[PDB]
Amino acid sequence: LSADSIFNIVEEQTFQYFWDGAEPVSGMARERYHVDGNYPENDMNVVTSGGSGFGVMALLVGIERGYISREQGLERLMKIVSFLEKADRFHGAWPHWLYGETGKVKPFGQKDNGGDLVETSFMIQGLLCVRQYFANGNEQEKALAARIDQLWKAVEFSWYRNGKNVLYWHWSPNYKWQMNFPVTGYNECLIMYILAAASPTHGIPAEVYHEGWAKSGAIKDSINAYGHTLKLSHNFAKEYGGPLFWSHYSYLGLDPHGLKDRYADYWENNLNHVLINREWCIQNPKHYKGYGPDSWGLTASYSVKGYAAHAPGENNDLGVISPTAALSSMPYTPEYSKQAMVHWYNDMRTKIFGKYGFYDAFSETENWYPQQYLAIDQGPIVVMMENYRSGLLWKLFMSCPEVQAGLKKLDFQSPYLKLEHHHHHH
């Protein structure tokens, strides 16, 4: 099959993770789906707040593409929003995990039993797109958009500062600030600070971003690999950059085209991140089976021994290729991402393509082809493939007046920003 046909099959099948594969009570994205029905942790109906952020965006793609009808999409998104309104919130932030059937927190580790502002941010990036999509619809659609607007305005980003010039990832009603994870760059979390600056009700002053996230300029670096330079200081990953998903999550709604601030050119950094990851796979210094220009992309995913933050480098490449890395990079390296897609589909689909698209990860070296999926890995595939085609989520997210105001407050530039004209003196 041709690239154009395979693209459509891949996008549609991966979408179904979030439709057929959804938890049925909540309509939210499952943390995981195991095709054999075996869940070691009896956790099949635990839903991911961040992955469901990606999933609401995927629902919009399905409406646009005709994978579902507008009425299907609306009923589902109403079910999701109903769930989220009733679900456990901690100063406005959802927890990392909820039980789909009850809306109560499932602790992600003992002390992580309250708000998770980063996964909440991923949710909000997706809900804001839904809000923009339905804002001029019928009355029930407009009502939905308003219900989302209320959830948005209730997220208390300001609370998560704990009075400092940074944002904490967590807060618990009983463990208070003991998780103690101040979010400092560069990693996958940029969108949290953009949304915090954007909030009209519980926003942050800009120093929270420049001192906290950007470390008063120490986020700037220069990591050279294979002739490509990264100018952001990738946390713990200063040779090759982090797992490739860091160039995905915060860029599903926030368009990285022409996105720039005093710390970086985000298009160039994200694209260089991909290019370095791909070239590592091509050079294949560890001599793993099947690595090449037709099978590349290392990121966090299921792994031979459990789950690992795969990335370029001696210690991080475990011979595991995770299709979300190359596929979600579609906007940055479309012919290179398609190259892998086409080889995987035409040559490997018996082993690695299933009812919700490509499985999470595989190792040709270890003959390991798990029939397993994660929301956080399927969601960016649907979203970024669609953004490459149509810019659908980008156009929706970048159209939010609050997003534009947040970006201006943080001194970002973007071609989406409407610049105000001033005469010379007044």
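For every residue, the number given is its place in the sequence shown, counted from 1.
Stretches compared: 310-318, 261-269. Higher mean C-alpha B-factor in the entry: 310-318.
When the mean C-alpha temperature factors of 212-220 and 245-253 are read from the deposited coordinates, 212-220 comes out higher. The residue among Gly114, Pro334, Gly290, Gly185 whose C-alpha atom has the highest B-factor in the PDB entry is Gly290. Comparing the listed residues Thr350, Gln125, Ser199, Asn235, the entry records the largest Cα B-factor for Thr350.
For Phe108, the recorded CA B-factor ranks within the highest third of the chain. Only modelled residues enter the ranking. In the deposited entry, the Cα temperature factor of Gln16 sits in the middle third of values across the chain's modelled residues. Sort the chain's modelled residues by C-alpha temperature factor and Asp360 lands in the middle third, per the entry. Among the modelled residues of its chain, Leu190 has a C-alpha B-factor that falls in the lowest third, as given in the PDB entry. In the PDB entry, a CA B factor belonging to the highest third of its chain's modelled residues is recorded for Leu144.
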